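Each chain, written out:
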Amino acid sequence: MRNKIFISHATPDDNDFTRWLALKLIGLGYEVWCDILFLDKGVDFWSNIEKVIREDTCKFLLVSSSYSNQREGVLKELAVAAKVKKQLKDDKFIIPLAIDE
Amino acid sequence: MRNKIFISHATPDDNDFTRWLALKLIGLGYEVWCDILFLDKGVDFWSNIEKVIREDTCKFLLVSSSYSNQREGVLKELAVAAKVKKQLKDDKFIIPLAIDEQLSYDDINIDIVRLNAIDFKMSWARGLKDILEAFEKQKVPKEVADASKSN
Amino acid sequence: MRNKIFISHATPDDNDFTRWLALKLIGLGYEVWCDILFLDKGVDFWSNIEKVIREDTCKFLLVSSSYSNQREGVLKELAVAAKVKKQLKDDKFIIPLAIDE
Amino acid sequence: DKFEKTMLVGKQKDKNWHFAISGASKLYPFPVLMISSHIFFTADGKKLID
Amino acid sequence: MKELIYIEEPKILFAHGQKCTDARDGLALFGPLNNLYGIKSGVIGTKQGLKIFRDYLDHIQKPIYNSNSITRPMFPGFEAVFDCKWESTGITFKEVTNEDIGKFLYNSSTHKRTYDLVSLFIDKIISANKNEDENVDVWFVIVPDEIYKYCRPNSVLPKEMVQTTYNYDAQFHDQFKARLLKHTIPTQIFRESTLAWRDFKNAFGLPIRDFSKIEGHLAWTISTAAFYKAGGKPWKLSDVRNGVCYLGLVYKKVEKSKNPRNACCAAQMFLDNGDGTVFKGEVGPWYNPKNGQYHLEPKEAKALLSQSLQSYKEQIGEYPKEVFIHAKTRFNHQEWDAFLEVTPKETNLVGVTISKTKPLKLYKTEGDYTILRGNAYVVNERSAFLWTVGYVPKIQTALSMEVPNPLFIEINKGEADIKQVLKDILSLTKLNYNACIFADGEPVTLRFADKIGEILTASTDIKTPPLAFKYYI
Amino acid sequence: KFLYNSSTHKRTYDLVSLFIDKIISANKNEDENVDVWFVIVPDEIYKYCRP
Amino acid sequence: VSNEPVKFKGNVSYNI
DNA sequence: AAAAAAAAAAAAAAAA
Ligand SMILES: NC(=O)c1ccc[n+](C2OC(COP(=O)([O-])OP(=O)(O)OC[C@H]3O[C@H](n4cnc5c(N)ncnc54)[C@H](O)[C@@H]3O)C(O)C2O)c1
């Protein structure tokens, strides 16, 4: 069953906020998945990310900033999230986060 | 039982980093196989490489650099490693180690492009601790730490 | 110069459509590279594919089917195509072709 | 400018170099005569550089 | 034909108790003895010279390669070698404007110019030490090169830019580090050229200080000094015997007081309870009148030896069983007459004289390589020759360039086993913490004693100076 | 040795010296670097080292 | 004074 | 004012 919270973000730039949020959610008892903490070394990263979004992702958290708007890597995860939103029939699947003023 | 770590690389070009990494891993209690580790060479070496890769290696580390990117020995070792990966049904088998700043991730070999690579470009020790975390997360066989073995 | 069209596909499953498309495109005057085209194989083809994709391919056609969707060789070729697309600064590089209903 | 088979006075750009020694007799370890090695340079082969 | 005996190469100790002949390779694989969480570094200098320091620090964060890895081991990066954080993020910067530098620089009086240039740096360093929240382990002083050009004795400032104290020595480094003794601030002076030298060029176009082939060793020897000055133990001796104090005595002149007054300074090493080695200065500088006597009066000698013995009691509990006083000079009988009075019965006092004066040079008959390091021609039971500078296979080369000269070692008085004496001086040649090299050509006692003597004789107003070497080197 | 003294001023001065001299010797005459010096003092001192 | 220098003897060697 | 036999202060070059 799906009990994960994919905190998608811009990998090089938004590391600090994403790590803080992931640690806070883990401390509260929420299972969290993110590349900088939970992605395995020496594994097919897009295949693993797609499997996580499609199968075990309970809810999708997008960290939206000036970097994460036109970032192709985050957009691909966002598209997969939209597809699995359609499949799961849950309008409240994707919760964007605005951190950049 | 598979309990050995294979470090493929370019022998006359990437020797310093492989030496450091192997001597650190064996110091930490990890069994390491590398061509530069063993002293003397004979015609049996080439067959022994495939034999150890297919029979004893539990994790395959490929030193990624502008030298070892497209080297025939490295390519052959990577191909047999990929076949062993398919046979063992273990996705986390080939673990690239990117050590060259002029080797951007967009110019890596085809077998390695789709794999998460431990970044050694900025700090070797950060790469080493990432290698560790990967090892105890994936439960790589390990013996108690002993620096005297490396010495 | 880049004047060859690369057609990625699943070798043991999508031979019919790939054959028809390649034989049509070649007749139409388009240079086509595909693995079912060349007769005989050797160890060199693994590097041949990468060098053709990175140095000669002008368009990358991905035969999209339930077989080719999650095929390891197809995924590797697609990743190299994505890297080439990033390098060439040409968005209209990968042109997927969906043939499965 | 070479005794035996080895040069002792040579050329370096406009300066002619010479192999030189200095002498010193000592009697502590054995009765011995110590020799040191120096190199001096001349512009014409006869007058030392001041 | 006379026999030469070779001393086994002493081994230094590293983390986990592992032994390794080479210090560079020992740190590269085993790391330092104690865990220093991080080097919180403060840098003082021109804002132009801050960029250079930041670039060099980020550069040494990454591994650095020499030309020939066999002769010179490569540098695996600071935090990998030392298990210590030293980043360019978190450096306290105290700006030194170029106009203030030029205000002092363009002065005719070299003494006053050096005094003012040193004062400009030390005032800001002390202000940051006293009136700032930030804690700095070590203060990296980034000096420009025109300073070094015109801030030392016998340096003539050209007439064209001369635009315009005598109690202090005109050496920038010596007098600088002498004025910080009251505050105990570890500092590391860098030339601006010693840093990213590729900027500074000559007329021909090749850099004046070319370290292109030896950049890795430059990183090794800068990193080791930075680590030591922050309170780390890079390596340690393992062949030292229990109960042997050594002491290294060197005489330096003082040009300020009338008559050079021949200031004496001492550096001490012994073993401590456990296994730790205690290598601290023994500094009570005992001034000796007369121009060139170089032999201390009985009062000063007794005070020196009593300070040496008490500095051993308070750390071990009881007197050393064998004290091996080294010295560049042979002593007169009055000095041992002084020493023996305070010297107790159980302690064995031996005086050792080491000299580079005697011109013996063993040339090998075949090959363009020098004699092996360690060869010792023992003249008799008291005197010997020791080749501390020479060929050693591990570095693949010799430590000298031409044919080296050995160290003349002799036992003035005392008894001493001459082989044991040669077996300890070679051990003393490895503990040079100011440089990350294979070994030193002279024992560290006579070199660090010389350094502290060169620092203590730059300022006249020293009183109860620190004994720690991180404030001196 | 210092605490059992009737003169409070000499007691406190000598007791302060007993700590500060060791701390100063550690700061000046030791290779190790310490950021902050923690001074653990017993309870009889607080009973008998104040006005 | 002898024209050939005093010769010594070492039991320890090496190779390039 | 010589000598031999013993002293440090200072500056330049080159790898280390
Ligand atoms: N292993 C990873 O860190 C990794 C890999 C792919 C994508 N991403 C992700 O990228 C996102 C959006 O940012 P982006 O568009 O800049 O993606 P991106 O691929 O450009 O990520 C940039 C960072 O990951 C890259 N990366 C790390 N390992 C790699 C490898 N083995 N092969 C190729 N690249 C590697 C770069 O090193 C770089 O540091 C995400 O939200 C996300 O999860 C991360």
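Further up the page is the structure itself.
About the criteria used
Residues numbered from 1 in each chain as written, not as in the entry; some residues may be left out. Chains lettered and ligands numbered in written order. Part of a larger assembly, values for the part shown. Heavy atoms only, no water. Contact = heavy atoms within 4.5 Å. Buried area = accessible area lost by both parts, 1.4 Å probe. Salt bridge = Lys/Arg side-chain N within 4 Å of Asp/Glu carboxyl O. Polar contact = N/O pair within 3.5 Å; in protein donor to acceptor, adjacent residues only side chain to side chain. Helix = DSSP H or I, 4+ residues; strand = E, 2+ residues; numbered from the N terminus. Nonpolar A, V, L, I, M, F, W, Y, C, P; charged D, E, K, R; others polar. Core = buried A, V, L, I, M, F, W, Y, C linked by side-chain atoms within 4.5 Å. Buried < 20%, exposed > 50% of the residue type's maximum accessible area, 1.4 Å probe, protein only. Near = heavy atom within 4 Å. Areas by Shrake-Rupley, 256 points an atom, 1.4 Å probe, with all protein chains shown as cover. Pairing = 2+ DSSP bridges. Axes fitted to C-alpha atoms, helices over the stretch in contact; angles between N-to-C directions. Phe/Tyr/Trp six-rings, centres within 6.5 Å; stacked < 30°, edge-to-face > 60°. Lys NZ or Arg CZ within 6 Å of the ring centre and 35° of its normal. 1 Å grid on protein atoms, 1.4 Å probe; cavity = no way out; pocket = protein on both sides within 12 Å on 5 of 7 lines; lining within 4 Å. Points joined across faces, edges and corners; volume = space filled by probe spheres on them.

A.B. asks: Which parts of the structure should I look at to understand the interface of chain B and chain A?
C.D. replies: It is common to give the size of an interface as the accessible area lost on bringing the parts into contact. The interface of chain B with chain A comprises 15 residues on the first partner and 10 residues on the second. Interface area for chain B against chain A, summed over the two sides, is near 1,100 Å², with a carbon-plus-sulfur share of 47%. When the buried surface of chain B facing chain A is broken down by residue, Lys92(B), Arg114(B) and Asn116(B) rank first, second and third, together holding 54% of it. Two residues, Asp40(A) and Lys137(B), come together in a salt bridge whose shortest N-O distance is 2.8 Å. The interface formed by chain B and chain A holds 6 residue pairs in polar contact in total. Breaking the side of chain B that touches chain A down by element, the ones donating at least two residues are strand 4 (94-98) and helix 5 (124-137) of chain B. Looking at the side of chain B that touches chain A, its residues break down into 8 nonpolar, 2 polar and 5 charged.

A.B. asks: Whenever I open this one, the nonpolar core confuses me. Can you help?
C.D. replies: Where a protein is soluble and globular, its nonpolar side chains tend to be buried together. Residues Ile39(E), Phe53(E), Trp86(E), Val352(E) and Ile409(E) are the most contacted members of the largest nonpolar core, which totals 87 residues. Apart from residues no more than four positions distant in its own chain, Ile409(E) is found in contact with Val352(E), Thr353(E), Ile354(E), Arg382(E), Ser383(E), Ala384(E), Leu386(E), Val421(E), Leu422(E) and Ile425(E). In this structure, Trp33(B), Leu78(B), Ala82(B) and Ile94(C) belong to the second largest nonpolar core, which totals 34 residues.

A.B. asks: Just to check I follow, could you spell out the site of the ligand for this structure?
C.D. replies: Of all residues adjacent to the ligand, which total 16 residues, the nearest are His9(A), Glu77(A), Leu115(B), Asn116(B) and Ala117(B). Chains contributing residues near the ligand are chains A and B. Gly73(A) is positioned such that a nitrogen or oxygen atom in its backbone is 2.9 Å from an oxygen atom of the ligand. The protein chains hide 81% of the 720 Å² of surface that the ligand would expose on its own. For the shell around the ligand, the secondary-structure elements that each account for two or more residues are helix 3 (45-56) and helix 4 (72-88) of chain A.

A.B. asks: Got a minute to help me understand the sheet that holds strand 4 (residues 15-26) of chain D in this structure?
C.D. replies: Sheets are built from strands paired through backbone hydrogen bonds, the pairs being either parallel or antiparallel. Residues and elements named next belong to chain D. Taken in spatial order, the 3 strands make up an open sheet running 3-4-5, and their pairing is antiparallel. With one partner strand each, in any of the chains shown, strand 3 (9-12) and strand 5 (32-42) form the two edges of the open sheet. Each strand axis lies, on average, 30 degrees off the axis of its neighbour in the sheet, ignoring direction. Sheet topology places strand 3 next to strand 4; 4 bridges connect them, and they run antiparallel. The partner of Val-9 across the bridge, within strand 4, is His-18.

A.B. asks: How should I be thinking about unusual backbone geometry in this particular structure?
C.D. replies: Negative phi is the rule for most residues except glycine; trans is the rule for most peptide bonds. Residue and element names in this part refer to chain B. The phi dihedral of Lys-89 falls on the positive side, at around 55 degrees, and the residue is not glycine. Along the polypeptide, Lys-89 turns up in the loop between helix 3 (72-88) and strand 4. Although it is not a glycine, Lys-139 adopts a positive phi angle of roughly 55 degrees. Relative to the helices and strands, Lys-139 is located in the loop between helix 5 and helix 6 (147-150). Exposure remark for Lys-139: the relative accessible area of 62% places this residue in the exposed category.

A.B. asks: How should I be thinking about the packing of aromatic side chains in this particular structure?
C.D. replies: Ring pairs (aromatic) are described by centroid distance and by the angle formed between their planes. Under the counting rule described, the total for this entry stands at 46 aromatic pairs over all chains. For the ring pair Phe385(E) and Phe408(E), a centre distance of 5.1 Å and an interplane angle of 40 degrees mean the geometry is tilted. Here the residue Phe385(E) occupies a position in strand 16 (residues 383-386), and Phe408(E) occupies one in strand 19 (residues 407-411), the gap between them amounting to 23 residues. Of the two residues, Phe385(E) and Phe408(E), both sit in the buried class. Measuring from centroid to centroid gives 4.3 Å for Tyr391(E) and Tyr14(G), while their planes differ by 10 degrees, and the two rings are stacked. Within this pair, whereas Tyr391(E) is found in strand 17 (residues 391-392), its partner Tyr14(G) is found in the segment after strand 1 (8-10), the two belonging to separate chains. The exposure classification of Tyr391(E) matches that of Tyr14(G), with both residues buried. Grouping aromatic residues by their ring pairs yields a cluster made of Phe53(E), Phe78(E), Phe82(E), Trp86(E), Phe140(E), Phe190(E) and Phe227(E). Over the aromatic face of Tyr148(E) sits the side chain of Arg191(E), whose NZ or CZ is 3.7 Å from the ring centroid. Cation over ring: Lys430(E) sits above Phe438(E), and NZ or CZ is 4.7 Å from the ring centre.

A.B. asks: Please clarify how the interface of chain B and chain C should be interpreted in this entry.
C.D. replies: The interface is formed by 10 residues belonging to chain B together with 10 residues belonging to chain C. Where chain B abuts chain C, roughly 1,000 Å² becomes buried across the two surfaces, and 56% of that area is made up of carbon and sulfur atoms. If you sort the residues of chain B by the area they bury against chain C, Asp106(B), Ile110(B) and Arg114(B) come out on top, with a joint share of 59%. Linking chain B to chain C there are 4 salt bridges.

A.B. asks: Please clarify how the pairing of strand 7 (residues 187-191) of chain E should be interpreted in this entry.
C.D. replies: Along any regular strand the residues' side chains alternate between the sheet's two faces. Residues and elements named next belong to chain E. Counting buried positions over the 5 residues of strand 7 gives 4, a clear majority of the element. For strand 6 (residues 138-143) and strand 7, the ladder comprises 5 bridges, and the chain directions are parallel. Among the inter-strand pairings, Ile-142 is bridged to a residue of strand 7, identified as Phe-190.

A.B. asks: What exactly am I supposed to notice about empty space enclosed by the protein here?
C.D. replies: If a probe the size of a water molecule is rolled over the atoms, the empty space left behind becomes visible. By volume, the largest cavity amounts to about 80 Å³. Forming the boundary of the largest cavity are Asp16(B), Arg19(B), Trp20(B), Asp25(E), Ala28(E), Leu29(E), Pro73(E), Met74(E) and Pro76(E). At the level of elements, helix 1 (15-27) of chain B together with helix 1 (23-30) of chain E are the ones that each hand at least two residues to the lining of the largest cavity. Grouping the constituent residues of the lining of the largest cavity by class yields 6 nonpolar, no polar and 3 charged. Its volume calculated, the second largest cavity comes out at about 50 Å³. Forming the boundary of the second largest cavity are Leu62(B), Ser64(B), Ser68(B), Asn69(B), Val74(B), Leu75(B), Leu78(B), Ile108(B), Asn109(B) and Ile112(B). Residue assignment for the lining of the second largest cavity shows that the elements contributing at least two residues are strand 3 (57-64) and helix 3 of chain B. Considering each element in turn, the lining of the second largest cavity owes the most residues, 3 residues, to helix 3 of chain B. When its residues are assigned to classes, the lining of the second largest cavity shows 6 nonpolar, 4 polar and no charged.

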